[PDB]
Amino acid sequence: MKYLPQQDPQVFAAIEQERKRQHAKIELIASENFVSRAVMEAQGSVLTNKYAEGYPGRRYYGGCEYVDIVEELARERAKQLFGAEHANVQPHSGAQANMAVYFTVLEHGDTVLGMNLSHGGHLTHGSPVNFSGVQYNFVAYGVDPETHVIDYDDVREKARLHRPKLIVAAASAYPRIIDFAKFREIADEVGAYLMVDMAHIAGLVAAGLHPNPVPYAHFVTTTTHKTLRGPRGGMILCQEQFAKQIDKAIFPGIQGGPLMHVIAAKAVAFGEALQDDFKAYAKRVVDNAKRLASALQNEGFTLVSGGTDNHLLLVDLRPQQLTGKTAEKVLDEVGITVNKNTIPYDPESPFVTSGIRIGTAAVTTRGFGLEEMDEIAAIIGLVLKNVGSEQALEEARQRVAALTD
């Protein structure tokens, strides 16, 4: 940086602390990643200065000729990546992508069927303190009590009973592949639209490591910043028949001017995802998650669903008589970042929980491989099995430091 250090010493010092923090810790928050320098340069561009309400070639402001090229590059690269008939790259976030789809097909008070929030569903999938739960009537389907895999018979029974206008599939903490074909079969049975929120697994979908929801869902929402490794923001994919309605839901519906600099960064991230090395990266993400899962099971940990098919895993800490809150706090003391997370049928509240959620997308981006996954598991074993030992915690800190340099 050059102008920030002189203009704003306070902001620059905080940013520099954060940059160093990102290098020194072992980041296992399943929804995070590290973007490239090219993506950051695109978001640090002069495109923030442009008002561009409307869409390419149909704007409400003159002078959009070059930001129109950037938005089209994002839309076309997105379509090549996922094979959707239409893309909307303006959503400011995953929450706004979901909000616009709901605004498109639902009336206030309509019934929506989504994944139980304590079994893996996201906050925007019906939480009562979120707009989704306040605006609409959400009902939930759950996972089997023993396998922790979505119970498709429960999806079907709830759909037939409650007759939702929309069914939402996908999650913030589900470690197994989701069967979009079964979701669409159920939606067709009850005449409901199907929305797939692939935010967590978009990068895996793009690399062919997770079944693509596009061919099965009427609408596909996502964030661009998790496994897709892009700038922070959202995107909506949909069939051509809902294109005009989805575009109008975003604008003039729920947003105003789009973040053109962020859309440029989205295009950049999509170009990166279209390359062969991104496909190799994604395979390493899933391979690392499987390895990490196995290594944790080797340490004596119980995993929700018995392992993982994607980038994330959930540890059920009941066997160690620990809450997720306790485990997150002690791991933070040694330099490992995880988040507490409810497990299916959790006896504890969502503010305490009986689990921790872990993902490998970020450590994979920094170059960690299978041997590092074994060591991370061994460090987590040392800490969680010896929470009252300061010597074990100090050893863990030195082992974390050895991994991050």
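The first residue of the shown sequence is 1; numbering continues from there.
A.B. asks: For the stretches 185-193 and 86-94, which has the higher mean C-alpha B-factor as given in the deposited record?
C.D. replies: Higher of the two, by average CA B-factor, is 185-193.
A.B. asks: Quick check: 373-381 versus 54-62, which has the larger average CA B-factor in the record?
C.D. replies: Looking at the record's C-alpha B-factors, the answer is 54-62.
A.B. asks: According to the Cα B-factor stored in this entry, which of the following is highest: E240, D309, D151, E71?
C.D. replies: When the deposited C-alpha B-factors of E240, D309, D151, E71 are compared, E240 is largest.
A.B. asks: Among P231, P252, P145, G234, single out the one with the highest C-alpha B factor in the record, please.
C.D. replies: If I rank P231, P252, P145, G234 by C-alpha B-factor, first place goes to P145.
A.B. asks: Ranking the modelled residues of this chain by C-alpha B-factor as given in the entry, is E272 in the lowest, middle or highest third?
C.D. replies: Within its chain, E272 is a lowest-third residue by C-alpha B-factor, going by the deposited values.
A.B. asks: Relative to the other modelled residues in the chain, which third contains the C-alpha temperature factor of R357: lowest, middle or highest?
C.D. replies: Ranked within chain, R357 CA B lands in the lowest tercile.
A.B. asks: Looking at the temperature factor on the CA atom of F131, which third of the chain's modelled residues does it land in?
C.D. replies: CA B-factor rank for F131: middle third.
A.B. asks: Considering every modelled residue of the chain and its Cα B-factor in the PDB entry, is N212 in the lowest, middle or highest third?
C.D. replies: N212: CA B-factor falls in the middle third of its chain.
A.B. asks: Pull the Cα B-factor of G203 out of the PDB entry and bin it into the chain's lowest, middle or highest third.
C.D. replies: As the PDB entry reports it, the C-alpha B-factor of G203 lands in the lowest third of its chain.
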